[PDB]
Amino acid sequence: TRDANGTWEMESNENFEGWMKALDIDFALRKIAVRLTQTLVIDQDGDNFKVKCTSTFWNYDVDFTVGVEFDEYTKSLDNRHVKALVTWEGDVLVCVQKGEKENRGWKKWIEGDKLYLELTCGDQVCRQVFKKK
């Protein structure tokens, strides 16, 4: 339940546009992002994670150590500085990103070869489901 290693292919993505709009992503870009197939690759070594979410010309990468606050600059997204922190709440991997936006972060629930990812910003939640390839 705590092993997120692998290559994960998207099965579903709900409220992606509402969450992107809460982050202030350009409206024109949102209409492109909605079309792009996403692949999520996670390398997890103890507390050390490398997360890479990739598409045709738009990627999001983040590396972190569980329990260690880090400065995150969302250079490929909304271009903001947040103080990010990833922790385990039971078997849920929880990220809080402290900064301008309220309720900003993400959570992963790993259920075998399924990964549920919820991205939050403001009053918006984006719900994604991936299957391990």
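Residues carry their position along the shown sequence, with the first being 1.
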Q) Averaging C-alpha B-factors over each stretch, which comes out higher, 65 to 73 or 50 to 58? A) 50 to 58
Q: Report the stretch with the higher mean CA temperature factor, choosing between 22 to 30 and 102 to 110 on the basis of the entry.
A: 22 to 30
Q) For residue 78, does the deposited CA B-factor place it in the lowest, middle or highest third of the chain? A) middle
Q.
Lowest, middle or highest third: which one holds residue 87 when the chain's residues are ordered by CA B-factor from the entry?
A. lowest
Q. Would the CA B-factor of residue 128 place it in the lowest, middle or highest third of its chain?
A. lowest
Q. Going by the entry, which third of its chain does the Cα temperature factor of residue 37 land in?
A. middle
